[PDB]
Amino acid sequence: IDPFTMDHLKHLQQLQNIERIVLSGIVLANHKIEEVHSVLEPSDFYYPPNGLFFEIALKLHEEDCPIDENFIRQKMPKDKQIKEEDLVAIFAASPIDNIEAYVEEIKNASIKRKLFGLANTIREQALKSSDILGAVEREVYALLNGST
Amino acid sequence: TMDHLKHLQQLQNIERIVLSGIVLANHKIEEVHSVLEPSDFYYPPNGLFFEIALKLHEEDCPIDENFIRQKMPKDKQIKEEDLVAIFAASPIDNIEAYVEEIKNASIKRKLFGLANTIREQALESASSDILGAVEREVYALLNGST
Amino acid sequence: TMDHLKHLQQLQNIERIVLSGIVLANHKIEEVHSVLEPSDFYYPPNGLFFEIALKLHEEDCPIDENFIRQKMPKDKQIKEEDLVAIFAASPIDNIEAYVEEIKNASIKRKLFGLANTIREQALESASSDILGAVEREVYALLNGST
Amino acid sequence: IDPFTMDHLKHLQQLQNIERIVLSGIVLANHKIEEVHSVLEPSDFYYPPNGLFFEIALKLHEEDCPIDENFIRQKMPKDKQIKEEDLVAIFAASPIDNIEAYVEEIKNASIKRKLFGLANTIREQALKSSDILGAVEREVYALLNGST
Amino acid sequence: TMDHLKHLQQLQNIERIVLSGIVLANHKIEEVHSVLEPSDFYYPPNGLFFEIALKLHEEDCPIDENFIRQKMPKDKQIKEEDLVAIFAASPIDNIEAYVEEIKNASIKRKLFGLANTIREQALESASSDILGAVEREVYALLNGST
Amino acid sequence: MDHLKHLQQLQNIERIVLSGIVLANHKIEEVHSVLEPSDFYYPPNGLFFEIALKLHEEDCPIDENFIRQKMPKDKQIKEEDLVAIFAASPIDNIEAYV
Amino acid sequence: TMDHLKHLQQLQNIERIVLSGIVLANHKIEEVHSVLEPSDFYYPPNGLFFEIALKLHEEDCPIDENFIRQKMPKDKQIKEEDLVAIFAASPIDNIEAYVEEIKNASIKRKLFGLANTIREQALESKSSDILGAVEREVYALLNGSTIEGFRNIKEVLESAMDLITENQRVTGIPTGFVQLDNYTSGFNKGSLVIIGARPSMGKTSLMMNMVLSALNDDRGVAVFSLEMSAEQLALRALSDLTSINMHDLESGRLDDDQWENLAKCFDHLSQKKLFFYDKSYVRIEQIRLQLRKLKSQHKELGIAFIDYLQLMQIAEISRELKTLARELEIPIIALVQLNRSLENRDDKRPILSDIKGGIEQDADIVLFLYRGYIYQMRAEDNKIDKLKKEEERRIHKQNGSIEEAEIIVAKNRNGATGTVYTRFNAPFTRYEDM
Amino acid sequence: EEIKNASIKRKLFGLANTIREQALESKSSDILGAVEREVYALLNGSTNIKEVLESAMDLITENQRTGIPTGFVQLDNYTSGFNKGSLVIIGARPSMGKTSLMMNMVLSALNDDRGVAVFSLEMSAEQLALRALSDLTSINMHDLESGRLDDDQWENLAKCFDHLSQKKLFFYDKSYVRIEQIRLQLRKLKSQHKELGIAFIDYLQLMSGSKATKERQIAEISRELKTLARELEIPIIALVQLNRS
């Protein structure tokens with residue numbers, strides 16, 4: 001955006017780091033992937049390498065394979081490859097016990113992001129209007145199903 | 001692309017015709033007000049026009065040039081050009097569709113504003129609190145149409 | 001694209017960790033050898049390392065710096081840098097997955113070579129004779145994995 | 001390829017000629033198309049005009065129409081048209097009785113060709129490896145079904 | 001693209017072979033005429049050739065160089081080059097397929113002309129009258145093939 | 001795989017040289033006298049070199065900041081290489097490395 | 001992959017740096033304030049910080065953690081995280097560029113504000129008014145930039161006086177000839193000086209002595225030989241130092257007493273600030289560039305010499321050379337080889353116009369070499385030829401090989417025009433001073 | 001006029017956007033130059049008998065309402081003072097006292113309290129001032145240049161010092177300025193100071209041929225200068241160094 005208000009950006013800096021740490025803890029604790037996946041999805045990540053990282057992690061756990069640098073490094077989807085910086089930075093992250101609070105944060109950012117595009121969409125729809133009236137209800141059902 | 005202005009001029013035209021039809025048919029005001037509110041109009045002179053019309057019908061006073069011209073709220077006055085232009089409009093019978101059409105346009109504006117509101121919510125890195133805001137807006141829109 | 005080398009360095013790393021884990025846990029050598037062979041390693045010093053380890057376990061001799069350093073085959077010696085680097089590696093428990101992973105890499109190399117072999121067959125305008133070569137290779141691969 | 005070893009090319013020169021003669025005999029003997037088709041397919045031809053030639057020949061026999069220059073010349077698929085040189089050269093070919101030995105030759109070349117691309121494929125697969133292990137079996141089933 | 005001429009030369013060739021086969025086998029003329037007409041030939045000397053052949057068979061006179069050369073209609077004569085070229089053609093047995101093939105080519109020409117006709121109808125901004133023209137053409141084509 | 005061994009070493013050497021010039025601004029002259037931006041294998045290194053030259057010509061010192069602002073704004077060097085340059089251990093008399 | 005404002009947090013760091021440099025060097029605040037202002041700062045605590053710094057400097061009070069923490073305005077409070085971070089910053093010298101760059105950032109800020117402003121201003125319209133607004137904004141920015149500006153003379157006048165009075169307490173670089181310095185008043189800075197001499201007259205030898213005149217004044221000299229190589233040029237100078245004839249020095253043989261004085265002048269010159277460039281037929285721009293380069297490398301450089309200029313236009317060469325003369329603020333001396341049309345004339349004395357795409361004008365001071373004996377000889381030969389149609393050298397050698405020479409001072413901008421007589425020594429090819 | 005207004009606005013907005021995006025780069029000097037060029041673009045974009053009759057009225061009304069004093073009444077008998085927007089040129093040989101002579105006429109305008117802009121390419125500003133003080137204090141050049149001055153000379157010196165110091169005087173000693181750069185700088189200074197009624201330049205050297213057009217011609221330069229002369233409506237004076245022929 002064109003607007004620069006010396007803020008909101010730090011929120012982004014925060015969320016990257018959060019995703020990083022979240023991934024790190026699971027690197028250390030392979031089992032946490034279930035409680036993470038129960039909440040977060042690969043698309044839910046802001047930072048794309050983190051989301052892809054998550055995807056690979058999932059595919060590894062489903063075949064009962066432990067999580068570390070090597071596994072990820074070979075089990076690359078070869079459709080997209082992760083930049084080394086993002087890769088290493090995740091392992092570098094300070095792993096903190098009890099991350100269920102942090103998971104919700106990224107879930108929150110994902111909620112926000114899913115909201116913005118939708119808002120733009122429905123805004124554009126109004127330019128036919130009964131269809132937009134229905135569109136509100138459909139978006140409502142979407143969010144309602146999303147939260148619960 | 002000069003697109004959007006052409007729609008706006010049209011909605012103005014609709015408001016004109018509606019008001020003209022009410023000028024000719026005083027009784028239609030009930031079925032109009034039953035749907036629309038003064039705030040629901042896009043073009044301000046038309047909305048004010050509507051408000052005055054309401055205040056006249058409530059006191060059993062007929063609606064024509066003279067009445068509006070005199071029963072002005074003296075806080076704001078309607079431009080004579082727009083005023084006469086309303087009377088100049090070709091009045092078409094059974095405008096009940098046109099009424100709801102303007103309802104639709106008002107819905108559009110309220111929608112734009114609401115969507116922008118939640119956009120501002122997205123500007124404020126809160127999300128469960130943000131999640132609730134949608135639900136509250138839903139009740140507003142749901143009650144508005146029905 | 002600097003791609004392939006990054007995988008090779010990694011497989012080296014895996015071999016390192018595996019050997020380290022065996023250094024710490026002498027008993028794991030049985031479950032390792034049950035799968036892998038000295039020829040199955042990509043990195044030669046690691047394979048030789050493995051061979052020596054085998055010869056030590058067979059004679060009930062423990063595995064550490066001293067043993068390897070002395071029980072050298074004197075036909076080839078392991079570079080000290082690689083040697084120590086093996087000990088330096090972070091040993092991780094239950095490497096049975098890593099073992100099969102290296103098995104997979106060995107499978108990859110044997111595959112490359114086999115495919116190239118049949119490619120050479122295609123270089124030699126023979127085809128029923130060429131047709132048979134695939135079947136013989138099939139038994140080799142089938143027996144290898146199972 | 002970059003390699004030139006004064007040989008293997010003559011094999012190619014041979015196979016073109018073989019396809020040519022094979023086609024010629026059927027031009028002379030319309031009935032042989034069945035025993036050819038039972039073995040060879042249009043894709044099995046190295047030289048594309050020969051394969052297309054074969055395709056048209058098949059479509060002509062199925063409607064019980066004899067095989068000569070004219071029939072082919074009109075019943076062009078109009079999606080691809082054959083160069084006149086290749087066309088005439090086939091009829092020009094010396095027709096020899098008992099071609100069942102020659103059919104097998106082109107079948108052989110087709111086997112070789114089908115092999116090479118496959119070899120490259122499976123070579124590339126190894127770069128995930130269990131999938132490649134399965135890939136060997138699938139290629140095996142493919143070739144096994146191909147020969148029998 | 002030099003395409004279409006190559007087809008035309010071929011159809012000429014077919015007509016040649018057909019006539020040659022009839023030269024060798026006089027009896028085939030019945031099964032030919034049963035299908036084709038003099039007007040049905042593309043190459044005019046071939047059609048005239050056919051006409052003369054018919055007139056000869058009807059009077060129980062055999063068909064060869066001499067007969068054609070003498071039984072010329074004297075309104076039009078066949079070029080000697082084309083004439084001899086007919087005899088030069090390699091005669092192939094059972095040409096009943098070739099006959100219908102030429103029938104097909106004649107069908108093609110009659111089709112081109114018919115389609116062009118209705119095109120001219122479209123040139124004349126008439127349409128129910130124009131609608132009928134298609135139906136009449138349909139009966140013509142339907143009767144022609146069957 | 002000796003070729004890529006040389007590759008992984010050359011990346012390091014380029015970085016080293018660049019860092020040495022970071023600390024010793026004046027060395028850029030003897031570098032340019034030999035090397036050119038195209039002479040570099042790793043593109044960000046060449047780009048970096050180019051920027052360094054542009055800074056020296058306007059007699060401006062060389063550090064993390066000078067590069068970041070004076071980005072060609074056609075291309076921005078990925079952070080991973082960029083920092084790694086500064087992280088490189090400085091070694092003197094790199095003329096042989098050059 | 002790219003996020004705006006990322007560079008900005010880096011931009012803040014620069015402010016931090018500059019402030020730290022001023023912390024260490026209190027005097028730097030003046031040269032900072034002369035450019036930057038408190039509003040010029042992006043990061044507010046830094047700007048107000050600067051404000052405080054100014055208020056403290058004006059009362060002649062040093063700037064430090066103690067002085068800063070105490071003189072708090074109590075209207076705005078600097079966050080602890082920042083406050084410490086500023087002092088914690090690593091101290092950096094030559095922060096002038098950093099100041100300039102922060103000025104750049106502020107400038108950019110004025111840009112973003114004004115650029116948006118004028119557009120909306122123009123939206124309403126009297127478009128002529130909008131135009132005038134553009135003009136006023138233009139003048140505002142122009143005054144704001146202060147890049148290659150004008151003002152002010154009166155300040156520099158005082159320093160220019162304080163410089164000449166200090167020496168009054170020689171005006172330029174010493175020539176070597178007291179006769180010549182009476183007219184030239186020494187080599188004044190940014191002054192273009194040219195010497196046009198005929199070949200073998202001892203031009204190349206004469207130049208080196210004047211080079212030495214600057215070397216004993218410890219002033220950096222850049223030397224440019226296009227046609228000739230450096231080695232010989234050094235050899236002549238040693239021929240003038242060791243007082244040894246050219247041939248003995250060139251051939252190789254030296255006795256016990258001469259090699260000693262030779263080696264004695266050797267390291268003497270070796271330690272002297274001397275630079276060489278023997279590459280042939282260099283272009284004028286390459287000269288400008290290399291001189292920029294060497295002056296950037298060495299501040300000490302106070303004078304330059306070139307030998308010699310070739311005929312191809314001379315006006316533009318002299319122009320760009322005067323340009324560079326005032327640019328690097330040092331007097332530049334180049335040698336020119338005059339046209340042969342000089343000798344076609346009856347009076348073979350060199351004149352200003354003899355080197356004729358136009359005639360050279362840009363030179364401030366022009367000097368000519370004239371040997372009175374060499375043209376006397378030709379007249380005597382002509383008279384002999386006239387007598388047919390109608391030992392002196394050995395005496396010269398026995399005298400001490402001294403001949404009369406004239407150094408014509410034909411051109412001296414806003415000075416005196418005259419001729420000076422100097423004794424020339426033929427074997428050493430040297431001009432004796434008296 | 002109104003449609004022209006709209007077009008003007010149209011171009012303006014584009015320019016505004018251009019400069020807006022330019023800031024993202026973060027070379028501010030380049031940005032300054034961009035401002036100057038865009039300014040020139042806008043400025044240039046903006047700017048029979050009955051026609052001449054009006055000017056004929058505006059000329060006599062001006063005399064009823066002559067120029068800037070030269071300093072020499074002899075010369076002012078011919079020149080009739082420095083009329084506004086009039087291009088005047090001086091060709092003089094070197095060392096004749098050209099640099100010295102100009103300053104007297106500078107003083108003549110300064111005593112007329114009209115702002116004078118001075119442009120020295122070849123020489124430095126300081127020296128140019130030193131000659132002026134040499135003419136004010138009536139002291140020989142060398143004494144002022146060397147530094148030693150007695151009680152009576154340093155006194156009259158300091159007395160003329162602040163006297164000239166307060167006068168409306170401007171200087172530009174930067175080397176090798178371009179004609180367009182001159183035009184721009186004069187626009188800037190005239191915009192900064194309205195009072196300035198005259199300008200002086202010393203000096204341009206003549207280069208003939210064809211290679212003299214790209215590397216920097218006085219024929220078109222004099223044209224651009226007449227342009228600016230009528231532009232700022234003030235008489236411009238430049239010094240010329242004639243050829244040796």
# chains A, B, ... in the order shown; residues from 1 in each chain; ligands from 1
$ calpha_fit_and_write --fixed "chain C" --moving "chain E" --output "PDB file with C-alpha atoms, in the first residue's frame"
ATOM      1  CA  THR E   1      21.181 -23.914 -10.220  1.00  0.00           C
ATOM      2  CA  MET E   2      23.578 -25.332  -7.575  1.00  0.00           C
ATOM      3  CA  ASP E   3      20.773 -27.804  -6.727  1.00  0.00           C
ATOM      4  CA  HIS E   4      22.173 -31.389  -6.824  1.00  0.00           C
ATOM      5  CA  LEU E   5      25.294 -30.720  -4.748  1.00  0.00           C
ATOM      6  CA  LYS E   6      23.116 -29.622  -1.844  1.00  0.00           C
ATOM      7  CA  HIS E   7      21.501 -33.069  -1.812  1.00  0.00           C
ATOM      8  CA  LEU E   8      24.862 -34.806  -1.986  1.00  0.00           C
ATOM      9  CA  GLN E   9      26.282 -32.848   0.962  1.00  0.00           C
ATOM     10  CA  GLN E  10      23.171 -33.853   2.887  1.00  0.00           C
ATOM     11  CA  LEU E  11      23.477 -37.568   2.153  1.00  0.00           C
ATOM     12  CA  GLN E  12      27.064 -37.278   3.377  1.00  0.00           C
ATOM     13  CA  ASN E  13      25.715 -35.668   6.549  1.00  0.00           C
ATOM     14  CA  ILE E  14      23.273 -38.553   7.044  1.00  0.00           C
ATOM     15  CA  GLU E  15      26.048 -41.118   6.710  1.00  0.00           C
ATOM     16  CA  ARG E  16      27.971 -39.096   9.309  1.00  0.00           C
ATOM     17  CA  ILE E  17      25.123 -39.102  11.815  1.00  0.00           C
ATOM     18  CA  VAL E  18      24.433 -42.814  11.309  1.00  0.00           C
ATOM     19  CA  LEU E  19      28.045 -43.716  11.958  1.00  0.00           C
ATOM     20  CA  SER E  20      28.113 -41.437  15.018  1.00  0.00           C
ATOM     21  CA  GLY E  21      25.043 -43.144  16.448  1.00  0.00           C
ATOM     22  CA  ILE E  22      26.760 -46.476  15.942  1.00  0.00           C
ATOM     23  CA  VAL E  23      29.870 -45.100  17.694  1.00  0.00           C
ATOM     24  CA  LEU E  24      27.726 -44.294  20.715  1.00  0.00           C
ATOM     25  CA  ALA E  25      25.530 -47.398  20.357  1.00  0.00           C
ATOM     26  CA  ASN E  26      27.660 -50.374  19.305  1.00  0.00           C
ATOM     27  CA  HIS E  27      24.718 -52.788  19.209  1.00  0.00           C
ATOM     28  CA  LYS E  28      22.866 -50.992  16.397  1.00  0.00           C
ATOM     29  CA  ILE E  29      25.450 -52.316  13.922  1.00  0.00           C
ATOM     30  CA  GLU E  30      23.513 -55.582  13.511  1.00  0.00           C
ATOM     31  CA  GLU E  31      20.280 -53.892  12.464  1.00  0.00           C
ATOM     32  CA  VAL E  32      22.360 -51.671  10.176  1.00  0.00           C
ATOM     33  CA  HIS E  33      24.348 -54.429   8.419  1.00  0.00           C
ATOM     34  CA  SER E  34      21.121 -56.421   8.096  1.00  0.00           C
ATOM     35  CA  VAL E  35      20.147 -53.758   5.561  1.00  0.00           C
ATOM     36  CA  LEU E  36      23.245 -52.000   4.245  1.00  0.00           C
ATOM     37  CA  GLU E  37      26.489 -53.233   2.698  1.00  0.00           C
ATOM     38  CA  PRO E  38      29.906 -51.540   2.407  1.00  0.00           C
ATOM     39  CA  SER E  39      29.350 -50.988  -1.321  1.00  0.00           C
ATOM     40  CA  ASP E  40      26.007 -49.319  -0.586  1.00  0.00           C
ATOM     41  CA  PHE E  41      27.569 -46.128   0.748  1.00  0.00           C
ATOM     42  CA  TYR E  42      28.070 -43.158  -1.534  1.00  0.00           C
ATOM     43  CA  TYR E  43      30.903 -41.463   0.333  1.00  0.00           C
ATOM     44  CA  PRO E  44      33.883 -43.871   0.146  1.00  0.00           C
ATOM     45  CA  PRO E  45      35.522 -42.998   3.499  1.00  0.00           C
ATOM     46  CA  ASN E  46      32.153 -43.680   5.136  1.00  0.00           C
ATOM     47  CA  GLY E  47      31.830 -47.051   3.403  1.00  0.00           C
ATOM     48  CA  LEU E  48      35.340 -48.064   4.405  1.00  0.00           C
ATOM     49  CA  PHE E  49      34.514 -46.788   7.895  1.00  0.00           C
ATOM     50  CA  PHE E  50      31.538 -49.133   7.845  1.00  0.00           C
ATOM     51  CA  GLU E  51      33.644 -52.078   6.652  1.00  0.00           C
ATOM     52  CA  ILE E  52      36.124 -51.612   9.497  1.00  0.00           C
ATOM     53  CA  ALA E  53      33.224 -51.308  11.930  1.00  0.00           C
ATOM     54  CA  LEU E  54      31.949 -54.672  10.698  1.00  0.00           C
ATOM     55  CA  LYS E  55      35.332 -56.341  11.093  1.00  0.00           C
ATOM     56  CA  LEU E  56      35.546 -54.947  14.635  1.00  0.00           C
ATOM     57  CA  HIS E  57      32.091 -56.120  15.689  1.00  0.00           C
ATOM     58  CA  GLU E  58      32.756 -59.595  14.296  1.00  0.00           C
ATOM     59  CA  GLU E  59      35.756 -59.964  16.617  1.00  0.00           C
ATOM     60  CA  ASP E  60      33.908 -58.498  19.626  1.00  0.00           C
ATOM     61  CA  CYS E  61      35.927 -55.296  19.643  1.00  0.00           C
ATOM     62  CA  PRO E  62      34.260 -52.009  20.625  1.00  0.00           C
ATOM     63  CA  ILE E  63      34.128 -49.062  18.241  1.00  0.00           C
ATOM     64  CA  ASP E  64      35.778 -45.730  19.015  1.00  0.00           C
ATOM     65  CA  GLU E  65      38.522 -43.369  17.831  1.00  0.00           C
ATOM     66  CA  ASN E  66      41.352 -45.652  18.944  1.00  0.00           C
ATOM     67  CA  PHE E  67      40.059 -48.850  17.324  1.00  0.00           C
ATOM     68  CA  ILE E  68      39.413 -47.322  13.897  1.00  0.00           C
ATOM     69  CA  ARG E  69      42.682 -45.425  14.052  1.00  0.00           C
ATOM     70  CA  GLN E  70      44.554 -48.672  14.674  1.00  0.00           C
ATOM     71  CA  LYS E  71      42.414 -51.247  12.850  1.00  0.00           C
ATOM     72  CA  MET E  72      43.072 -49.502   9.550  1.00  0.00           C
ATOM     73  CA  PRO E  73      43.147 -51.887   6.523  1.00  0.00           C
ATOM     74  CA  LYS E  74      46.441 -50.199   5.435  1.00  0.00           C
ATOM     75  CA  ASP E  75      45.261 -50.423   1.832  1.00  0.00           C
ATOM     76  CA  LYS E  76      43.333 -47.190   2.268  1.00  0.00           C
ATOM     77  CA  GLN E  77      43.165 -44.670   5.116  1.00  0.00           C
ATOM     78  CA  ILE E  78      40.340 -42.330   6.089  1.00  0.00           C
ATOM     79  CA  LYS E  79      41.113 -38.605   6.018  1.00  0.00           C
ATOM     80  CA  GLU E  80      41.431 -37.239   9.549  1.00  0.00           C
ATOM     81  CA  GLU E  81      39.082 -34.347   8.799  1.00  0.00           C
ATOM     82  CA  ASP E  82      36.291 -36.667   7.645  1.00  0.00           C
ATOM     83  CA  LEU E  83      37.201 -39.087  10.426  1.00  0.00           C
ATOM     84  CA  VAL E  84      36.818 -36.598  13.263  1.00  0.00           C
ATOM     85  CA  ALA E  85      33.856 -34.987  11.476  1.00  0.00           C
ATOM     86  CA  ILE E  86      32.074 -38.309  11.925  1.00  0.00           C
ATOM     87  CA  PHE E  87      32.579 -38.125  15.703  1.00  0.00           C
ATOM     88  CA  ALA E  88      31.624 -34.434  15.698  1.00  0.00           C
ATOM     89  CA  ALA E  89      28.196 -35.214  14.273  1.00  0.00           C
ATOM     90  CA  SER E  90      25.191 -34.911  16.570  1.00  0.00           C
ATOM     91  CA  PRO E  91      24.085 -38.513  17.204  1.00  0.00           C
ATOM     92  CA  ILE E  92      20.309 -38.954  17.159  1.00  0.00           C
ATOM     93  CA  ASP E  93      18.509 -41.979  18.619  1.00  0.00           C
ATOM     94  CA  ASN E  94      16.570 -44.548  16.564  1.00  0.00           C
ATOM     95  CA  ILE E  95      18.194 -43.954  13.174  1.00  0.00           C
ATOM     96  CA  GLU E  96      16.501 -46.994  11.611  1.00  0.00           C
ATOM     97  CA  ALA E  97      14.728 -44.562   9.290  1.00  0.00           C
ATOM     98  CA  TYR E  98      18.022 -42.932   8.317  1.00  0.00           C
ATOM     99  CA  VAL E  99      19.436 -46.356   7.533  1.00  0.00           C
ATOM    100  CA  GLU E 100      16.702 -47.134   5.020  1.00  0.00           C
ATOM    101  CA  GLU E 101      17.067 -43.586   3.680  1.00  0.00           C
ATOM    102  CA  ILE E 102      20.684 -44.366   2.784  1.00  0.00           C
ATOM    103  CA  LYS E 103      19.397 -47.657   1.390  1.00  0.00           C
ATOM    104  CA  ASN E 104      17.176 -45.497  -0.806  1.00  0.00           C
ATOM    105  CA  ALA E 105      20.116 -43.407  -2.001  1.00  0.00           C
ATOM    106  CA  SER E 106      22.060 -46.578  -2.842  1.00  0.00           C
ATOM    107  CA  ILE E 107      18.964 -47.739  -4.702  1.00  0.00           C
ATOM    108  CA  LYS E 108      19.076 -44.451  -6.608  1.00  0.00           C
ATOM    109  CA  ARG E 109      22.689 -44.948  -7.686  1.00  0.00           C
ATOM    110  CA  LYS E 110      22.146 -48.586  -8.682  1.00  0.00           C
ATOM    111  CA  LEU E 111      19.080 -47.425 -10.582  1.00  0.00           C
ATOM    112  CA  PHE E 112      20.960 -44.709 -12.459  1.00  0.00           C
ATOM    113  CA  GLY E 113      23.568 -47.239 -13.470  1.00  0.00           C
ATOM    114  CA  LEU E 114      21.007 -49.857 -14.504  1.00  0.00           C
ATOM    115  CA  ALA E 115      18.993 -47.381 -16.588  1.00  0.00           C
ATOM    116  CA  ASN E 116      22.213 -46.247 -18.228  1.00  0.00           C
ATOM    117  CA  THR E 117      23.039 -49.921 -18.888  1.00  0.00           C
ATOM    118  CA  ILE E 118      19.808 -50.508 -20.789  1.00  0.00           C
ATOM    119  CA  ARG E 119      20.470 -47.153 -22.517  1.00  0.00           C
ATOM    120  CA  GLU E 120      23.705 -48.716 -23.769  1.00  0.00           C
ATOM    121  CA  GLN E 121      21.588 -51.649 -24.883  1.00  0.00           C
ATOM    122  CA  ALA E 122      19.624 -49.116 -26.938  1.00  0.00           C
ATOM    123  CA  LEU E 123      22.964 -47.863 -28.266  1.00  0.00           C
ATOM    124  CA  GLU E 124      23.552 -51.377 -29.546  1.00  0.00           C
ATOM    125  CA  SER E 125      21.038 -51.948 -32.334  1.00  0.00           C
ATOM    126  CA  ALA E 126      20.437 -55.586 -31.400  1.00  0.00           C
ATOM    127  CA  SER E 127      15.500 -56.584 -29.638  1.00  0.00           C
ATOM    128  CA  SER E 128      14.030 -59.769 -28.172  1.00  0.00           C
ATOM    129  CA  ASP E 129      17.533 -60.217 -26.783  1.00  0.00           C
ATOM    130  CA  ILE E 130      17.292 -56.596 -25.643  1.00  0.00           C
ATOM    131  CA  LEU E 131      13.777 -57.343 -24.370  1.00  0.00           C
ATOM    132  CA  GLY E 132      15.151 -60.040 -22.072  1.00  0.00           C
ATOM    133  CA  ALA E 133      17.714 -57.694 -20.507  1.00  0.00           C
ATOM    134  CA  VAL E 134      14.926 -55.701 -18.857  1.00  0.00           C
ATOM    135  CA  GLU E 135      13.433 -58.831 -17.284  1.00  0.00           C
ATOM    136  CA  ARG E 136      16.781 -59.868 -15.809  1.00  0.00           C
ATOM    137  CA  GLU E 137      17.216 -56.378 -14.384  1.00  0.00           C
ATOM    138  CA  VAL E 138      13.713 -56.628 -12.926  1.00  0.00           C
ATOM    139  CA  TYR E 139      14.594 -59.685 -10.845  1.00  0.00           C
ATOM    140  CA  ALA E 140      17.663 -57.814  -9.608  1.00  0.00           C
ATOM    141  CA  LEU E 141      15.673 -54.780  -8.483  1.00  0.00           C
ATOM    142  CA  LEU E 142      12.791 -56.855  -7.111  1.00  0.00           C
ATOM    143  CA  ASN E 143      15.138 -58.961  -4.989  1.00  0.00           C
ATOM    144  CA  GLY E 144      17.026 -55.839  -3.904  1.00  0.00           C
ATOM    145  CA  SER E 145      14.082 -54.040  -2.306  1.00  0.00           C
ATOM    146  CA  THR E 146      12.394 -57.160  -0.945  1.00  0.00           C
TER     147      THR E 146
END
$ interface_residues --of "chain G" --to "chain H" --cutoff "8 Å" --atoms "only C-alpha atoms" --output "MDAnalysis selection string"
chainID G and resid 104:105 107:108 111:112 115:116 118:119 122:123 126:128 131 134:135 138:139 141:143 145 147:154 156:157 160:161 164:165 167:168 171 315:316 319 322:323 326:327 353 357:359 361:362 412:415
$ atom_distance --atom1 "atom CA of residue 101 of chain H" --atom2 "atom CA of residue 159 of chain H"
22.1 Å
$ interface_residues --of "chain F" --to "chain H" --cutoff "10 Å" --atoms "only C-alpha atoms" --output "number ranges by chain"
F: 68-74
$ write_last_selection --atoms "N, CA, C and O atoms" --output "mmCIF file, in the first residue's frame"
data_model
loop_
_atom_site.group_PDB
_atom_site.id
_atom_site.type_symbol
_atom_site.label_atom_id
_atom_site.label_comp_id
_atom_site.auth_asym_id
_atom_site.auth_seq_id
_atom_site.Cartn_x
_atom_site.Cartn_y
_atom_site.Cartn_z
ATOM 1 N N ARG F 68 22.520 -0.490 0.679
ATOM 2 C CA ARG F 68 21.083 -0.667 0.818
ATOM 3 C C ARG F 68 20.301 0.509 0.267
ATOM 4 O O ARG F 68 19.292 0.308 -0.409
ATOM 5 N N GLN F 69 20.735 1.736 0.550
ATOM 6 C CA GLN F 69 19.984 2.857 -0.010
ATOM 7 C C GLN F 69 20.238 2.972 -1.505
ATOM 8 O O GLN F 69 19.307 3.112 -2.297
ATOM 9 N N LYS F 70 21.509 2.905 -1.886
ATOM 10 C CA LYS F 70 21.880 3.111 -3.277
ATOM 11 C C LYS F 70 21.716 1.840 -4.101
ATOM 12 O O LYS F 70 22.555 1.513 -4.940
ATOM 13 N N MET F 71 20.627 1.129 -3.844
ATOM 14 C CA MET F 71 20.249 -0.026 -4.637
ATOM 15 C C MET F 71 19.891 0.485 -6.023
ATOM 16 O O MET F 71 19.268 1.539 -6.147
ATOM 17 N N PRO F 72 20.288 -0.247 -7.079
ATOM 18 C CA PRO F 72 20.017 0.205 -8.448
ATOM 19 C C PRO F 72 18.523 0.381 -8.699
ATOM 20 O O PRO F 72 18.128 1.030 -9.666
ATOM 21 N N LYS F 73 17.720 -0.210 -7.818
ATOM 22 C CA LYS F 73 16.260 -0.146 -7.847
ATOM 23 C C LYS F 73 15.728 -0.763 -9.133
ATOM 24 O O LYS F 73 14.563 -0.598 -9.498
ATOM 25 N N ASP F 74 16.605 -1.493 -9.810
ATOM 26 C CA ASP F 74 16.223 -2.331 -10.928
ATOM 27 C C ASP F 74 16.199 -3.740 -10.371
ATOM 28 O O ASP F 74 15.273 -4.513 -10.618
#
